[PDB]
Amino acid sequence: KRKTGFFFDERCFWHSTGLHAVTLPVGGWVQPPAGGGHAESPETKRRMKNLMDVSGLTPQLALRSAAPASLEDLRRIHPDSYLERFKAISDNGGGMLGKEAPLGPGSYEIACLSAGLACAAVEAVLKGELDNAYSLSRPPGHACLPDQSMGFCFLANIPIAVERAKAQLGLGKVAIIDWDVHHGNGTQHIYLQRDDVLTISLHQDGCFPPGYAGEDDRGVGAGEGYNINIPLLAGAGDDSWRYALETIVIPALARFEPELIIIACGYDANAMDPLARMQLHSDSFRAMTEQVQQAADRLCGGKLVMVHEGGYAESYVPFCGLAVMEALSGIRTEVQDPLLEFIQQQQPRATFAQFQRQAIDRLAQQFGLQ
């Protein structure tokens, strides 16, 4: 069975964003935290890898790092003025990169590394070195616009990997499925006019970017039909998210026929996340990984790459990423998620569950899938 790669580097846990009280910059009426405030902490991601190690999983994966993405890699997506300006703050120690977007010293080099991990994960899977692969890419990428940092993201990790594979390995169609709980606004924008990449985003209605739902934004020119947004109702849990995958996402894969499936894998839809209002647990992420691995098996030789995005519950995200790596690798450790049964009990009752399914039905109909 499965040779699964896990692309990670200690340096990615060193990127800092300065002083934050959870999401809020310090000053004015925001008192400095006595804690280690700032949701996008290394700890969310490190805890995952630590739990992989202690669970026994890590030795059974193909561990790898990567060379950082080259200047030329970056330029397939981002214009120089943007790259130069992000490099210039990095080389200061700090400043700010336009409205709500702060880094720290050496964030440039670390963001290039984060994007490189994604690049290498894509390549190893495409070449048949690995059956599938995960990339613990920090900082994340899915909100980054070509010319504007957004949502803790500074480079477009997945698009950079994809355009590199398109240029150096003749990658054809590719589907990017984004189950981070925020909209994949950066991916969507980059591929809006293109029919060669299907971009699909499951997200919390109105969460981030705020007030954006997106269901009627289908793509432009040749790209029309090749973008799919699924604005799930805040509050939704396991039944809704899996219904959405099975009723919309997988059929959408079946129709488009990718050579490769990429997950934008955020865990911030988990039931304890401060940055959204969804009720997923470890088994939810386990199942979704199953659904996309199996589609990948039917459609593109099992070729699945997952790239870490968001996730801000420091105690709970590790149980979710473990489950993901377990489904992805085919290997089951002894860890039992200590909150699984508690979150199962918290799930919306049938009235909501049916309302949400109805809504997902109307979207599948709207997108020509039902």
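Residues carry their position along the shown sequence, with the first being 1.
Peer 1: Pick between 47 to 55 and 27 to 35: the one whose mean CA B-factor in the entry is higher.
Peer 2: Looking at the recorded C-alpha B-factors, 27 to 35 comes out higher on average.
Peer 1: Decide which of the stretches 280 to 288 and 86 to 94 has the higher mean C-alpha B-factor, going by the entry.
Peer 2: Of 280 to 288 and 86 to 94, the stretch with the higher C-alpha B-factor average is 86 to 94.
Peer 1: Of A264, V181, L136, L130, which one's C-alpha B factor is largest in the deposited record?
Peer 2: In this record, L130 carries the highest C-alpha B-factor of the candidates.
Peer 1: Highest Cα B-factor in the PDB entry belongs to which of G235, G221, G186, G106?
Peer 2: The record points to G221.
Peer 1: When the deposited Cα B-factors of this chain's modelled residues are ordered and cut into thirds, is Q344 in the lowest, the middle or the highest one?
Peer 2: For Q344, the deposited C-alpha B-factor lands in the lowest third.
Peer 1: Would you check the entry's CA temperature factor for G151 and let me know if it's in the chain's lowest, middle or highest third?
Peer 2: Lowest third.
Peer 1: Select lowest, middle or highest to describe the third in which the CA B-factor of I77 falls within its chain in this entry.
Peer 2: Answer is middle: the recorded C-alpha B-factor places it there.
Peer 1: Compared with the other modelled residues in the chain, in which third is the CA B-factor of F352?
Peer 2: For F352, the deposited C-alpha B-factor lands in the middle third.
Peer 1: Would you check the entry's CA temperature factor for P210 and let me know if it's in the chain's lowest, middle or highest third?
Peer 2: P210: CA B-factor falls in the lowest third of its chain.
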